[PDB]
C-alpha cells in the first residue's frame, strides 16, 4: 500500500522491529508476544497463547470454543471463548506511520488493530465486527472501519473520541489495508487502502509510547467504544474457515533525514 507524502522532503524508512510480512514458519518471538502479557482478555473471552500464530503467509488470530456456552453459569461473563492476541515487544511512538493489511474473521467478535499498555491513552485503528450475531447489525457493522481514542489514568473522566467510515465491501470478505499516521500528539490521520479517510484531534496530547496490538474479543454488552453485537456461535468458533482473522502483514515507518 501507498504511504502519505513525507513531511518536508524527509523520506519514510521502515521501522524493522514493528514490521513483519509474517511469511515464515512461526511467529518472530523477538518482535511479538503470541498472547497478551498485560491483560487476560474481555470476559467471556480470554486470550489463549498460540491462538495467534504465523502460517500460510499471515499472522492468524483464531478464536475457538473453550466450553459450551450452555455449560457455564452465565455466557455473558464466565469464560467460554478462547480469543487471540499478539502484542509488540517494541513500543509504538508518536510520529510513525502504521499500516496492517488484514481480512476480518467471520465471527460475532472483533478483529482489531490498536495501541495500549500505556499510562493514560489508547488508539484503536479498527475494531471490526466481521459477523455480528445480532442480525439487525449485519447491514451496518460488517462495512464499518471505526477508529477511536480512550483516556484513563491521569486523564480518566474523558469520554472516547472516534469516528467511522463505511467500506465498499465487508471486512470479513476482503484483505484491506488500514493505515494510521500518528502525525502529531494532537493529530491522528487514518487511511483506507492508501486514501486518507478520517482524522481525530485527540482530547489531550497523545504523546506517550504504547504497544501495538492485534486481537480478538467477545463484547457481552455495549462498552469501551463498542456496540451490542451479540455473543458468537459455537458452530462458527468450531469452523476454521470462519474463526480466524488473517493479517498478511504489518509495516511501520518513520521519517528520516
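Residue numbers count along the first chain shown, from 1.
- Comparing 52-60 with 218-226, the stretch with the higher mean C-alpha B-factor in the PDB entry is 218-226.
- Looking at 93-101 and 162-170 together, the entry lists the larger mean B-factor for 162-170, computed on C-alpha atoms.
- In the deposited coordinates, the residue among 80, 113, 181, 152 with the greatest CA B-factor is 152.
- Among 124, 74, 140, 187, the highest C-alpha B-factor in the deposited entry belongs to 140.
- In the PDB entry, a CA B factor belonging to the middle third of its chain's modelled residues is recorded for residue 202.
- Among the modelled residues of its chain, residue 20 has a C-alpha B-factor that falls in the middle third, as given in the PDB entry.
- Ranked by C-alpha B-factor against the other modelled residues of its chain, residue 232 falls in the lowest third.
- For residue 144, the recorded CA temperature factor ranks within the middle third of the chain's modelled residues.
- In this PDB entry, residue 28 carries a Cα temperature factor that places it within the highest third of its chain's modelled residues.
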